[PDB]
Every structure is written in structure tokens, then in C-alpha cells.
Amino acid sequence: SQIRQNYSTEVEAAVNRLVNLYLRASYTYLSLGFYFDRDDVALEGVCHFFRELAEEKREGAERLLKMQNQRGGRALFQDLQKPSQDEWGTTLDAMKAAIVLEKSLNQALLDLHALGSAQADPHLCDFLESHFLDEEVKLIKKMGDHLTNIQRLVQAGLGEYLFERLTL
Amino acid sequence: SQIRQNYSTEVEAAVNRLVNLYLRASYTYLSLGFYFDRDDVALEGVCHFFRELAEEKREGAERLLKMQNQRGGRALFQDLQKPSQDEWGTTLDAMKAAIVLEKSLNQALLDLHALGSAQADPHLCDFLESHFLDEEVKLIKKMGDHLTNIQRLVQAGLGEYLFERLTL
Amino acid sequence: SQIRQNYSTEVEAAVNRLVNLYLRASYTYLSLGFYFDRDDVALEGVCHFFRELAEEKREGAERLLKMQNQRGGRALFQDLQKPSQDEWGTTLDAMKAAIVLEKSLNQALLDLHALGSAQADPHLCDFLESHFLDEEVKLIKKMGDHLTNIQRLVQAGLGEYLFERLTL
Amino acid sequence: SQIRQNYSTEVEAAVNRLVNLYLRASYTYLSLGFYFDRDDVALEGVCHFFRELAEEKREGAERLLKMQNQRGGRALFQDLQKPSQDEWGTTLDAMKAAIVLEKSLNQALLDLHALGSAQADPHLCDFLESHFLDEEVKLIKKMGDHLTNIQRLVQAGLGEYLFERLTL
Amino acid sequence: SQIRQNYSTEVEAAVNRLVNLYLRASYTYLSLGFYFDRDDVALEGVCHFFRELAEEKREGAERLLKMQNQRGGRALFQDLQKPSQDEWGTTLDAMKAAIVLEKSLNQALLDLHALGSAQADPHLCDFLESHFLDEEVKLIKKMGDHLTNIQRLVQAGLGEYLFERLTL
């Protein structure tokens, strides 16, 4: 590539893998959102919380793909595996699964950052720091806060309703 | 009728029956609304929910009557039977009765649509699709969502109060 | 499902399959868009055309999923297969592949409509007519118009540049 | 210097060298810009593209000089060598020379970043990441995109005219 | 007719013939417009040019009919013959056919003017001069200008595209 400079094949491949992970996360949140939209679940605030996160993760994937091209790397797409569950249980179960998912994404970001540092690729390192690392930390804090409030509240039915009405 | 075209006597009669069903539904919701306005019931949000539905069903009847005339059919009115109950119990009981009522109206709309299709009357079919069928589907979804939230909430007194305050 | 009425298991399954087809189409257009963003391809108008279509197809999938829930059906997600190509060649090649993809989606919509008609499900039939069928017809017309103009223009390099600058 | 802290003589010297490189780049772009303003060249969009870049590179030099003083280092200026060419040939030749120049600047920024990291000078590292590294990556991507479009277009005279009119 | 004054049967008949000629011209331009809207032709600017002319010619017919009544003559309508072609070939072919059509209309206007002069009917003469004769001269000039530019441009495919994009 005429523009490619200081951009290792290892980082290029890892960025494609991270795109897949972000799209998979978006898909998982799409599934979560529509599950809470079921008439036998019916927690609209929880549905909206996860649909927003689906959009965020898709946007993160697109930012990665834009960066791949800016550096002269080549986007390669793989199958997107379906989410791990078809039904997501309670808001508590769903929020635990979301924090698991975000921690996995954060770990992938940290692994890529370490790779970038080992490859002396400061543009990559700054990109991740600037657009992804703090967003993950803030989101995980928010989920942990939500989990604590959900747990405090669970008369589990009343608790789930109040959390959805008064927090989300 | 000088304007009547492709409008079968069977559809004409069925449209008059559906008008009666919609007015009956309006009357039922009028009864539901004022029951929740009783000082010994006193759930204003539930009263407002059903009074709004009374207005919607009356409006649906009027739309049917306007259509009857547009097609050159002749409106014929029958007695409006009183609602099935004088007292409607809890918000849960009332919402179950409302979903029963809406499903019966929806089934009548679907029967009329099938009639219209058998009579090759696409204006009727489009009219129903455009003004009634999706409105019923959306309303039934909303009632089902309400029922699920009511059920989750029912300390049944506290639950009924919170639903009325925070959802309705 | 408490709300489910006149909604066959066959339509429910077909709606889940159509969701997968729309998400796959979105993914294909995401791939198309970023390919035209490559520094060795560099046709920004073509990139924007396909990124817009990615968004449209995702939105169509979400509309289907919302409908699934409104009817009381249950969303089931499957793996999303990667797009058929990693590199998409010329704007001409890409627009031919897009018209192939849209025709396949349109055929799936028509198959589902026929199913809905056979199952006497007019809500489904109206839903498809109202939100999908005319959008597909308009989009295919636009692509065909684009293809004709691309073909007229292809000094193939000059042609591709002018189309991107003056049409897109 | 009373304020100097964690600022190595090696970085101080390298920052002065980078100032010279940025001023040299500004001078090169000044030459490029006025060449395209010649009546026997006459490509105003190309002239404007390079005059803008002259300003950008001068501004980058000034930002470096401001930083030098903020850290307590001492600006030292050297002769500014004249640009490598007196006449710059075609827009294609000029854009190739510009990408060569930007890659050399980017490599100098990366070398300085590596120096800063080896000297454990995170302020320097952040400064470069924040103000220079991403700007270079974006600019090189844009030049590469321009080069690809120029190449696609070159009836070379017609191509050069159209690029200047429709892209620049 | 109580109002009829200085309005010969010969002019009355000729005005009815000219109405037919203008409606025929409108129909021809309707055909031209939709031909350029075909997906295998796809020149939207050319389609718009001819659809506008269809409207102009219809309006001219209506102005003639209004005049017929103002003078106390009696509008008589004849069949409108279909346009001379089903497919109109290239923009060049179409613009040549349009100039042929406009010249025929102009000649009919000039013949009617001569008739009006021979019948000493200055109202008719002024009407034609004021509303039709200069409009035809301007339109024919514009078509001739278009033809010259089309001809200059025809790599005939590229030429047709550029004319549609940059002139129409």
C-alpha cells in the first residue's frame, strides 16, 4: 500500500479480529434489546439500554474499519457468530452477561494496545486510548453501578419494574 | 345506489355488524373508565387509559360508518348491549378483559377482511388494513406489555398503585 | 403468547429467516462501503452510497424484529455469514452485485408475502407492502439507472471518476 | 532552566531538528503552490491545496517551538535548505513528491516518539500523539486517495483538468 | 354567438386544428420524457427537459381554447394521434425530433397569423404574437444550442452523460 507506514501485519490482523468482536457484541445487544421488547418480558427501558449499546458497538467497529483503511491495512470480514443465548432471563441476568461481554472487549482492546506498544506503533496506541479505552472503563462502571442497584432491589418483580422505571 | 360498485350485500351487512361491535366496545370502555374513577377504586391513570380507548373505539365506528356511505351501503343500527360487567375488579382483571375484547374485535376485522377478499373487494381490504388492522396489533401488544408489568408487580395493593403512577 | 393471533409458525420462522437475510445484506454493504474507502480504490461517493444502504438494511431487519414481537412471535438469531467477496472490483462490478443482492431480498419478500396470503394473514401482507415492497422496487430502479450510466461511461478510469463525482 | 523537568538534551535537539524539517516542508509546499500558479501550468485548485499545506507545516513548526519553550528547552534555528526541485511537473508528479515528503515527516515524528519513550518523557509522547501523529496519518490517506484518482484519470490533459476542477 | 365579432369561421377552424397540434405535441413530449426515464436509458435531466415541454404544450393548447371561447368560437376536439415513435434513440435523436416538432408548430402559428392578417383579425394576430410566436423562437434557439452542444460532445456515451449532467 502506497500509504502504509509503521503498520505491522500483526496489528492489521488483530484490528480485523477486533472488528469481528465489536460486530458480535453489537449483535448480542440487538438480541438483548429485542428480548426485553417481548410482550411477556416488557421492560422498555432495558430494551432501550441494550439497543443503544448495539448502536455503540456497531459504531466502534466502523471506527476500527475507518482506521484500518487510514493506515493502509485491508479490512477482512468473517462470519458473525450468533449470540450465546436466545433468551436472556431477568434484567439482572442480562446486565451480568453485558458486563462479561464488555470485559471481554476491554481485554481485547488491552491486548491490541500491548501489541501496538511491542510493535512501536504509537498511532494505534493513541487511537485505542482516545476512542475505546476510556469509553469501556466508563461503560463498565455504569454497568457495575446498575448491577449493584438491581441486586439491592431483588420481591424481585417489584424490584425489576422499579429499576426499569426509575433508573433506565 | 347510483355510486355503489363492487360492494356486496354481505360486506355491507358485516360492516353494520362491525359498527355495532365497535360501539359496544366503546361502551365497555366507558364503563371501565368510570369504574376506576369510583372513590373506592381511585386509579386515575387507569380511568384515563380506558376513557381514551372508549374514544378510539367510537372513532373507529364512525370511520366504518363514513366508509359504508362512501361505498353506497346503508348504515343500519341495532341496540347496543350493556357491558358484560358492572364492576371490573382489579387493574389486572380489567386489563385481561380489555385484551379479550380487543382480540374479539381483531377477529371480527380479520373475518371481514377474509369476506372482502372472497368477494374480490380490494377497497374494503385496503381500508381495513390501513385503518384498523395495524392499530389493533399495536394496541394488543401494548395491553400484553401492561398485563406482564401488572403481573410482575402483584403486595398487590402497592403493585397496583405503582403501575398506575409510573406506567399510566 | 397472550397476544398472538392469526400468526402462523410458518410466518414466524420465515420472518426470522428474512431478518438474517437483511442483516447479511447490511454486512455485505458494510464490506462494499469500506472497500471503496481503500486508498487504492478511493471513490468516496461509492463508499457513501453503500454505507447508506448498510444502514437501510439494518433498519429493515429491526423493523422486522419489532413486528415479530408485535405479533407475539419469538425472534431467533442465526450466524451471519460473511459477504461473498473480500474485494469488489470496479463500481460497475459492485453495482451489479448490489442489484443481485436486492433482487434476492425482493424475492424473499415476495415469497413471504405469498406465504402470508396462503395463511390468510393480512397484517403481515400489509406490513410487507407498506414498508418493504415499494422500497425495494424504488431501490432496484435506482440501481438499474446507475448501472446504465456506469455502462455508458465505460476510457473506463475517467468514466468511473465522473460517475462518482457527478451522480453519487 | 528553572522550569526544565524530565526534558532530555537528546529530545531538545531532536525537537529543533524537527522544527527545521517542518519549515523545510512548508518551503517545499510554498514552491509547489506557486508553480501551479504559473500561467503555463494554471491549476488553481492544485495551487490552493499546496498553499494550504505550506501554512499547515509552518503552524506545526510553531507548535513545536511553543512546546520547546514550555519545557524549558532552547530553540535553535538552522538554514532552511531550498526545495529539491524548481519545477514540479504534473499534478501526479507533485502529489507523489508530497506523499514522499509527508512520509519523511511522519518517520521523523515516529523517531522522536521512540526517543521520548526511551527517555521516559510522556509529555513529549502525548504531545506528538495529540497534535502530529493523527494529522499525518489523515493527510497521507488523503494524498494516497488523490494519487489513486489522479492515476485513474491519466488523455492525461483532460484528466488533470477534471481532477483539479472536481476534486480540489 | 352574442359576443362573436370579427371572428371568421376560417380562423375558428384553424384554432381548433392548432389545439389538436399542441395536444399532439404535448403527447409526443410525454412519450419522450418517459422514454428517458427507462432504466436502460436513465437520463433524468433529459426526461425532465421533455416533461417540462409536455406541460408547456398542454398549457398552450389551453390558452388557445380559452381564446376560442373569449371570441365566441366553439371548441371542437379530434382524436389525438399517438407519437411518431415508441422509442426515441439517443439524446441527439430526441433533440432533433423535438426541433422538427417545434418548427412544425411554429409554421402552423405563422400560417394562422397569415390567415388572421388576411381576415383583418388583429386580436388574433396580437394574441399569437404575444403568447406563442416569441416563445417558439426562444425554444427553437435553445434546442438548436442544445443540438450543437450534443453534437460537439459525440466517445458518445461519455458525451451523452456529460450533457445531461452539466447542461440539463
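Just so it is clear, none of the values below were taken in a lab; they were calculated from the coordinates. Cβ sites come from the backbone with ideal geometry, for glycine too, and all protein chains shown count toward neighbours.
Cβ separations smaller than 7 Å between residues 6+ apart or across chains give the following pairs from region B:113-125 residues that are more than 11 Å from every other protein chain (Cβ to nearest Cβ) to residues that are outside any helix (DSSP H, G or I): B:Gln119/B:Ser8; B:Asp121/B:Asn6; B:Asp121/B:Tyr7; B:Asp121/B:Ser8.
Take the residues in region A:24-63 that are away from chain B (no Cβ under 14 Å) and small (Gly, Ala, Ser), then tell me which one is farthest from A:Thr9 (Cα to Cα). Outline the logic, then answer.
The initial filter retains those residues of region A:24-63 that are away from chain B (no Cβ under 14 Å), namely A:24-33, A:49-63.
Checking which are small (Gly, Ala, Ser) leaves us with A:25-26, A:31, A:33, A:54, A:60-61.
Working: A:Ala25: 24, A:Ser26: 26, A:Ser31: 33, A:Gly33: 36, A:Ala54: 29, A:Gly60: 21, A:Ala61: 19 Å.
Restricting to residues being away from chain B (no Cβ under 14 Å) and small (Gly, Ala, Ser), the top hit is A:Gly33.
Considering the conditions (1) closer than 21 Å to A:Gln78 by Cβ; (2) more than 14 Å from chain D (Cβ to nearest Cβ), C:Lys66 is excluded by exactly one of them, (1).
Of all the residues in region B:134-145, those that are surrounded by 18 or more Cβ atoms within 10 Å (Cβ to Cβ) and either at the interface with another protein chain (Cβ under 8 Å from one of its Cβ atoms) or among the β-branched types (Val, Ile, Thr) (or both) number 6.
Of the residues contained in region B:77-85, one or more are found to be outside any helix (DSSP H, G or I), in contact with a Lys or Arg (Cβ under 9 Å, 6 or more places away or on another chain) and among the aliphatic types (A, V, I, L, M).
Restricting attention to region E:41-50, the residues being touching a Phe, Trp or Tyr at 6+ places or on another chain (Cβ under 7 Å) and in a helix (DSSP H, G or I) number 3. Is it the case that region C:117-128 has a residue that's of a type in the set (A, V, I, L, M) and surrounded by fewer than 17 Cβ atoms within 10 Å (Cβ to Cβ)? Yes: region C:117-128 contains one or more residues that are of a type in the set (A, V, I, L, M) and surrounded by fewer than 17 Cβ atoms within 10 Å (Cβ to Cβ). Got at least one residue in region B:148-163 being crowded, with 17+ Cβ neighbours inside 10 Å, more than 14 Å from chain A (Cβ to nearest Cβ) and in a helix (DSSP H, G or I)? So far as region B:148-163 goes, no, none of its residues is crowded, with 17+ Cβ neighbours inside 10 Å, more than 14 Å from chain A (Cβ to nearest Cβ) and in a helix (DSSP H, G or I).
For E:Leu124, the test of being part of a helix (DSSP H, G or I) and either of a type in the set (A, V, I, L, M) or more than 22 Å from E:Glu44 (Cα to Cα) (or both) is passed.
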